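Visitor:
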Amino acid sequence: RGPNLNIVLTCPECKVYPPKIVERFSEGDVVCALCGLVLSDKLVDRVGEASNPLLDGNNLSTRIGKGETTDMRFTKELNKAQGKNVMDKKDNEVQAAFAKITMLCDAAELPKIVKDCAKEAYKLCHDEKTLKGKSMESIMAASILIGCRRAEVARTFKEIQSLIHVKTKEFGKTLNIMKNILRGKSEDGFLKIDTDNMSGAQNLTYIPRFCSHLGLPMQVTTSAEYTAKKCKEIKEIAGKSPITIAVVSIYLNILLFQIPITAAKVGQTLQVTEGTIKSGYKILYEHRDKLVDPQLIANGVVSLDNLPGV
Amino acid sequence: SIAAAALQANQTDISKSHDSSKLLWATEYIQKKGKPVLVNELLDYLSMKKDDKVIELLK
Amino acid sequence: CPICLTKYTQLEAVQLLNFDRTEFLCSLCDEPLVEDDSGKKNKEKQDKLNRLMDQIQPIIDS
Amino acid sequence: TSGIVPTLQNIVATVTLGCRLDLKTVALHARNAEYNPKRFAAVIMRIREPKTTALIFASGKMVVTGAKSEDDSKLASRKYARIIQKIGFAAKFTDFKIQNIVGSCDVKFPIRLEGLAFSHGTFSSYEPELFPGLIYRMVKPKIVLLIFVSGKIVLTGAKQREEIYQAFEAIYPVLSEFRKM
Amino acid sequence: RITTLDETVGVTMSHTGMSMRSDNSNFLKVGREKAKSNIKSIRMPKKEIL
Amino acid sequence: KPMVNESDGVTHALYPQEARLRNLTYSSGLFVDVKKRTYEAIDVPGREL
Ligand SMILES: [Zn+2]
Ligand SMILES: [Zn+2]
Numbered sequence: 007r008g009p010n011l012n013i014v015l016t017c018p019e020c021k022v023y024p025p026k027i028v029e030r031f032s033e034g035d036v037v038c039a040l041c042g043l044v045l046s047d048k049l050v051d052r053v054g055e056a057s058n059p060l061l062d063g064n065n066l067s068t069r070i071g072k073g074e075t076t077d078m079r080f081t082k083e084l085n086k087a088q089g090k091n092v093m094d095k096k097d098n099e100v101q102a103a104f105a106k107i108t109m110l111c112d113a114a115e116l117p118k119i120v121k122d123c124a125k126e127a128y129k130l131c132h133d134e135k136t137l138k139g140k141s142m143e144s145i146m147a148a149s150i151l152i153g154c155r156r157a158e159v160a161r162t163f164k165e166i167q168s169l170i171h172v173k174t175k176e177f178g179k180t181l182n183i184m185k186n187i188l189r190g191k192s193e194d195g196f197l198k199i200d201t202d203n204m205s206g207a208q209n210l211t212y213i214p215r216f217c218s219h220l221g222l223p224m225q226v227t228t229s230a231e232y233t234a235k236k237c238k239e240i241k242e243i244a245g246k247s248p249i250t251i252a253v254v255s256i257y258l259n260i261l262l263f264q265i266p267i268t269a270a271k272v273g274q275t276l277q278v279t280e281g282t283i284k285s286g287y288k289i290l291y292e293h294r295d296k297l298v299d300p301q302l303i304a305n306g307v308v309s310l311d312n313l314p315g316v
Numbered sequence: 009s010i011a012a013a014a015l016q017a018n019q020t021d022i023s024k025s026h027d028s029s030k031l032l033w034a035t036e037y038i039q040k041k042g043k044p045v046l047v048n049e050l051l052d053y054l055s056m057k058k059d060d061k062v063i064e065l066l067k
Numbered sequence: 544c545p546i547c548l549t550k551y552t553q554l555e556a557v558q559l560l561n562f563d564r565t566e567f568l569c570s571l572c573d574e575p576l577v578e579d580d581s582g583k584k585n586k587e588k589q590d591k592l593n594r595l596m597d598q599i600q601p602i603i604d605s
Numbered sequence: 010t011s012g013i014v015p016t017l018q019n020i021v022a023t024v025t026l027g028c029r030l031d032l033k034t035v036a037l038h039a040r041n042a043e044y045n046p047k048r049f050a051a052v053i054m055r056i057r058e059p060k061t062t063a064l065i066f067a068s069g070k071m072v073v074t075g076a077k078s079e080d081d082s083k084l085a086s087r088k089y090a091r092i093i094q095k096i097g098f099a100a101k102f103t104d105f106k107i108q109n110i111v112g113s114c115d116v117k118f119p120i121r122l123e124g125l126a127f128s129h130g131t132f133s134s135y136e137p138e139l140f141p142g143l144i145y146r147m148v149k150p151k152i153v154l155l156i157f158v159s160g161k162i163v164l165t166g167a168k169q170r171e172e173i174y175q176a177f178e179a180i181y182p183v184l185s186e187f188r189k190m
Numbered sequence: 011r012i013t014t015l016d017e018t019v020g021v022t023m024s025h026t027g028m029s030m031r032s033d034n035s036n037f038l039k040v041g042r043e044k045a046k047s048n049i050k051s052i053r054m055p056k057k058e059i060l
Numbered sequence: 740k741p742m743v744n745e746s747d748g749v750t751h752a753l754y755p756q757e758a759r760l761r762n763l764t765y766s767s768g769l770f771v772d773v774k775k776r777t778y779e780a781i782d783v784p785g786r787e788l
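Protein sequences, first through last, are from chains A, B, C, D, E and F.
Count along the first sequence from 1, add 6, and you get the number used in my numbering.
Count along the second sequence from 1, add 8, and you get the number used in my numbering.
Count along the third sequence from 1, add 543, and you get the number used in my numbering.
Count along the fourth sequence from 1, add 9, and you get the number used in my numbering.
Count along the fifth sequence from 1, add 10, and you get the number used in my numbering.
Count along the sixth sequence from 1, add 739, and you get the number used in my numbering.
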């Protein structure tokens with residue numbers, strides 16, 4: 007369908023399809039690897055500005071700024087003229103939304119992959135019929151958390167809602183809408199295997215951040231990581247939230263390595279009720295050999311009797 | 009038929025202390041009907057029958 | 544030519560025939576060309592002129 | 010096949026009466042009735058021998074919740090219509106439609122829910138920090154399911170018995186394959 | 011002299027950006043203290059309204 | 740003291756050799772003790788606030 011407009015590099019003497027083609031970049035030729043006949047010479051291997059048409063689309067606009075000799079009134083008139091443009095109103099509002107997303111992620115000092123994934127999620131999830139009535143803050147929070155979960159750098163709900171003053175209702179519904187529409191777009195476009203990237207719990211990623219907020223050593227972080235990994239085997243704690251199971255595993259490993267911090271300080275820092283931590287410690291107190299890392303007690307750095315009684 | 013008694017007892021009397029509402033309800037009865045109305049049914053609309061200032065204020 | 548959506552007049556389609564003498568073949572698409580529906584609408588445009596001219600008759604008379 | 014048939018616990022239906030109802034009269038005359046005009050623009054009542062709650066609106070539409078089965082909702086609507094007839098209003102069963110049926114069941118084995126969400130991800134959405142139950146939206150029929158690690162499965166959003174029964178029959182082999190400990 | 015924090019860096023970054031400690035200060039919480047007032051009313055008869 | 744935060748929010752003390760190898764920035768955070776004060780007054784004409 008339509009014009010072909012395609013050039014195939016076929017050797018006219020060997021008549022072998024597909025031909026073995028060698029691109030001699032140093033000598034600037036395209037040659038046939040069988041006979042050595044050249045195919046295209048004078049090949050072309052800065053002057054413009056980079057613009058990827060996947061993050062913001064095929065938007066092509068330039069602003070007006072002060073030069074060497076600049077009158078202020080002309081600049082104000084040109085800025086007002088650029089303001090009253092009706093064709094790029096959708097482009098202007100999605101650029102303002104991108105600026106707000108990158109400012110809000112940048113005040114959160116998250117990496118650039120989070121901002122890129124949030125921007126592309128916002129672009130591919132914009133102008134949808136099923137998502138029109140939700141407030142913009144919920145859209146931004148859902149895009150931010152989707153971008154966090156895309157790059158194995160996933161965050162939690164409480165620290166997202168600490169920055170964006172949004173309720174749990176519309177944030178959860180917007181998250182579900184985003185997940186459904188992104189899976190639909192992936193099925194329509196390039197299909198992607200999940201392989202545990204938007205997993206619901208993802209409690210293995212919340213260990214070192216809370217350990218660093220508590221100022222624990224990295225061996226305690228690895229021990230709590232092993233404990234959180236082995237909590238999947240226990241059926242009595244499977245329904246618990248990832249945050250609470252991470253907190254109780256961290257507290258269990260603190261009591262294992264005799265780190266001199268209190269449960270009240272852990273509850274104050276990590277915003278968890280001490281009753282939940284005590285209940286998790288009590289239900290994990292019976293599971294001793296199923297949580298303590300076997301090479302840690304093989305090395306003798308920890309022992310089972312360091313845990314206080316219940 | 010206790011609901012009918014409740015609805016007929018919940019509503020207050022139309023005999024107000026000011027003639028303004030007493031002529032306003034006559035004008036409302038005039039407007040709500042698709043045909044012009046006579047004096048007798050207008051007088052039967054409110055609680056009295058004898059002449060007062062309401063008829064001359066309406067005229 | 545509907546694949547390339549290209550016009551061809553009677554003067555410029557002379558040099559695009561095959562040796563089979565069967566069908567008009569395009570230079571780019573190499574596609575069997577189809578006949579335009581234009582030209583047969585001559586009477587339709589004449590009727591459009593007739594329907595414009597009698598309605599604009601008060602303008603001419605005035 | 011399934012070794013246990015799920016049982017229902019709430020059937021929500023609606024009946025239109027084709028009449029105008031005054032909320033204050035039915036709030037005052039009825040015994041077990043509540044009316045908060047500042048909160049909800051309808052009157053609320055309930056009856057004990059089916060243990061069902063009626064949402065009575067001013068337009069004649071009314072909603073029955075808390076019915077275990079269809080006949081319980083039928084007799085609840087019959088007694089509600091008797092209450093409306095005997096309270097001083099005229100009502101008729103112009104249209105009665107059942108619109109929601111829920112049910113609960115148990116499989117009595119733990120289910121690895123993470124593997125379930127990994128395999129059947131296109132119909133399910135998991136967020137344990139908000140709700141510990143997996144929300145599964147199957148496309149045929151339109152039944153939503155709440156999945157728990159204790160084996161308790163809650164089917165919600167049904168209209169009759171065949172759709173919820175075939176939903177459990179379809180969800181049984183994809184859930185019985187997961188075993189923990 | 012300026013004061014150098016001699017504690018662990020993670021304790022200082024606990025309050026940074028993403029901090030799931032919720033904000034508790036009542037400074038300029040105008041949106042919270044003026045969204046709590048809601049008006050609700052019904053259709054009382056027209057005569058008293060007039 | 741100089742430190743670095745990672746992608747996942749983990750902050751550890753940064754040393755110049757590690758900073759040079761990982762293309763990081765040998766920087767230290769700055770904190771300020773901010774104090775907030777809210778004042779209210781009866782606003783009536785003819786009276787100093
Ligand atoms: Zn060749
Ligand atoms: Zn063509």
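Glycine is no exception: its CB is placed at the ideal position from the N, C-alpha and C atoms.
1) For the alpha helix (DSSP H) containing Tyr287/A, name the first residue and the last one.
2) Does the beta-carbon of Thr552/C, which I'm using as the reference point, lie nearer than 8 Å to any heavy atom of ligand 2?
3) If we define contact as Cβ-Cβ less than 9 Å, is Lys57/E a contact residue for chain D?
4) To the nearest angstrom, report how far apart residue 613/C and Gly63/A are at their CA atoms.
5) Mind listing which residues of the segment 159-173 of chain A have their C-beta closer than 9 Å to chain D's C-betas, in chain order?
6) If you measure from each CB to the nearest heavy atom of ligand 2 and keep those under 7 Å, what residues do you get, in chain order?
7) Tell me whether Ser113/D sits in a helix, a strand or coil according to DSSP, three-state version.
8) Less than 8 Å between the CB atoms is what I'm expecting for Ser11/D and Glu178/D, so what's the real figure, rounded?
9) Name, going along the chain, the residues of the segment 135-151 of chain D whose beta-carbon falls closer than 7 Å to a beta-carbon of chain A.
10) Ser47/E CB to nearest chain D CB: under 9 Å?
11) So which residues on chain B does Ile96/D lean against when the C-beta distance must stay under 8 Å?
12) Closer than 7 Å is what we want: which residues have a beta carbon that near any heavy atom of ligand 1? List them in chain order.
13) With a 10 Å radius around its C-beta and 16 neighbouring C-beta atoms as the bar for buried, classify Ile107/A as buried or exposed.
14) How should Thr14/E be labelled, buried or exposed, when 16 other C-beta atoms within 10 angstroms of its C-beta is the threshold for buried?
15) I'd like to confirm the pairing. Which residues does DSSP put opposite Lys50/E in its beta bridges?
16) Assuming residue 71/B and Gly97/D are in contact, meaning their beta carbons sit under 8 Å apart, how far apart are those beta carbons, in whole angstroms?
17) Assuming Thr233/A is part of the beta strand (DSSP E), what are its boundary residues?
18) Return yes when the C-beta of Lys101/D is under 8 Å from any heavy atom of ligand 3, and no when it is not.
19) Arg55/D: which of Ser82/D, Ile144/D and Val158/D sits nearest, CA to CA?
20) From the beta carbon of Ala50/D, is the nearest beta carbon of chain E less than 9 Å away?
21) Quick one, are the C-beta atoms of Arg188/D and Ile110/D less than 9 Å apart?
22) In terms of residues, what are the limits of the beta strand (DSSP E) holding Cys154/A?
23) Look at the alpha carbon of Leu258/A and the alpha carbon of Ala207/A, and state the distance between them as a whole number of angstroms.
24) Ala14/B touches chain D at which residues, Cβ-Cβ below 9 Å?
25) Locate the beta strand (DSSP E) running through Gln88/A, then write down its first and last residues.
26) What is the DSSP secondary structure of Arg161/A, reduced to helix, strand or coil?
27) Kindly list the residues whose CB is nearer than 8 Å to the CB of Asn203/A, restricted to its own chain and excluding five residues on each side of it in sequence; keep chain order.
28) Give a yes or no on contact between the segment 64-79 of chain D and the segment 10-26 of chain D, applying the rule of three or more CB pairs nearer than 8 Å.
29) Mind checking if residue 320/A is an interface residue toward chain D, Cβ cutoff 9 Å exclusive?
30) Label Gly315/A either buried or exposed according to how many other C-beta atoms from any shown protein chain fall within 10 Å of its C-beta, with 16 as the threshold for buried.
31) Taking the C-alpha atoms as reference points, what is the distance between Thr18/E and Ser35/E?
32) Can you pull the chain A neighbours of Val21/E, defined as C-beta to C-beta under 7 Å?
33) At a CB-CB cut-off below 9 Å, which residues of chain D make contact with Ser205/A?
34) Run down chain F in chain order and give the residues with a C-beta less than 9 Å from the C-beta of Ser35/E.
35) Taking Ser767/F as the query, report the chain A residues whose CB atoms sit under 7 Å from its CB, ordered along the chain.
Guide: The structure says:
1) For this step, residue 287/A is matched to residue 281 along the first sequence. Taken as a continuous stretch (DSSP letters only), the alpha helix (DSSP H) holding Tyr287/A covers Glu280 to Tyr291.
2) In the third sequence, the residue the question calls residue 552/C occupies position 9. No, the beta carbon of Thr552/C sits no closer than 8 Å to any heavy atom of ligand 2.
3) Along the fifth sequence, read from residue 1 onward, the residue named residue 57/E stands at position 47. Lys57/E does not count as touching chain D.
4) Not covered by the structure: residue 613/C. The range shown for chain C is 544 to 605.
5) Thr162, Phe163 and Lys164
6) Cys544/C, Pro545/C, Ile546/C, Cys547/C, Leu548/C, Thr549/C, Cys569/C, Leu571/C, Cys572/C and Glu574/C
7) Here the question's residue 113/D lines up with position 104 in the fourth sequence. Reduced to three states, the DSSP call for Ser113/D is strand.
8) Position 2 of the fourth sequence, counting from 1, holds the residue named residue 11/D. Position 169 of the fourth sequence, counting from 1, holds the residue named residue 178/D. The Cβ separation is near 6 Å, so the contact holds.
9) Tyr135, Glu136, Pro137, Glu138, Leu139 and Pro141
10) As a working mapping, residue 47/E is identified with position 37 in the fifth sequence. Output row for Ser47/E: interface = no.
11) The residue given as residue 96/D occupies position 87 in the fourth sequence. Those within 8 Å of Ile96/D in chain B are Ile10 and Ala11.
12) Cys17/A, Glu19/A, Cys20/A, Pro25/A, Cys38/A, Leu40/A, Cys41/A and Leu43/A
13) Counting from one through the first sequence, the residue named residue 107/A turns up at place 101. Classification for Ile107/A: buried.
14) Numbered from its first residue, the fifth sequence carries residue 14/E at position 4. Exposed.
15) Within the fifth sequence, the letter at position 40 stands for residue 50/E. In DSSP, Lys50/E forms no bridge with anything.
16) Given a span of 9 to 67 for chain B in the structure shown, any question on residue 71/B remains unanswerable.
17) Taking the first residue of the first sequence as 1, we reach residue 233/A at position 227. Not the beta strand (DSSP E): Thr233/A falls in the alpha helix (DSSP H), residues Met224 to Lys236.
18) Of the ligands one can find in the structure shown, namely ligand 1 and ligand 2, none is ligand 3.
19) Within the fourth sequence, numbered from 1, the residue matching residue 55/D stands at position 46. Answer by Cα proximity: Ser82/D.
20) For the purposes of this step, residue 50/D is identified with residue 41 of the fourth sequence, where counting begins at 1. Closer than 9 Å to some Cβ of chain E, the Cβ of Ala50/D qualifies, so yes.
21) For this step, residue 188/D is matched to residue 179 along the fourth sequence. For this step, residue 110/D is matched to residue 101 along the fourth sequence. No, the Cβ-Cβ distance between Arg188/D and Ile110/D is not below 9 Å.
22) Translated into the one-based positions of the first sequence, residue 154/A becomes position 148. Element bounds for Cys154/A: not the beta strand (DSSP E) but the alpha helix (DSSP H), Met142 to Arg156.
23) Counting from 1 along the first sequence, the entry for residue 258/A is found at position 252. Counting from 1 along the first sequence, the entry for residue 207/A is found at position 201. Distance between the alpha carbons of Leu258/A and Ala207/A: 20 Å.
24) Position 6 of the second sequence, counted from the first residue, corresponds to residue 14/B. Chain D residues near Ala14/B: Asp31, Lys33, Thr34, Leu37, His38 and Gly97.
25) In the first sequence, residue 88/A corresponds to position 82, counting from 1. Run containing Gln88/A: none in the beta strand (DSSP E); it sits in the alpha helix (DSSP H), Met78 to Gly89.
26) Taking the first sequence and counting its residues from 1, one reaches residue 161/A at position 155. Three-state result, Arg161/A: coil.
27) Against the first sequence, residue 203/A aligns to sequence position 197. The answer, listed in chain order, is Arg155, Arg156 and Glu158.
28) yes
29) Because chain A spans 7 through 316 in this model, residue 320/A falls outside it and cannot be assessed.
30) If you number the first sequence from 1, residue 315/A lands on position 309. Flag for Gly315/A reads exposed.
31) Taking the first residue of the fifth sequence as 1, we reach residue 18/E at position 8. Taking the first residue of the fifth sequence as 1, we reach residue 35/E at position 25. One C-alpha to the other measures close to 25 Å.
32) Walking along the fifth sequence from the start, residue 21/E turns up at place 11. Under the 7 Å cutoff, chain A gives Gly221.
33) For the purposes of this step, residue 205/A is taken as residue 199 along the first sequence, with counting starting at 1. In chain order: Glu123, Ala126, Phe127 and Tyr135.
34) Taking the first residue of the fifth sequence as 1, we reach residue 35/E at position 25. Result: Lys775.
35) Reading the sixth sequence from its first residue, position 28 is the one you call residue 767/F. Near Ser767/F there are no residues of chain A at all, since even the closest Cβ is about 14 Å away, more than 7 Å.
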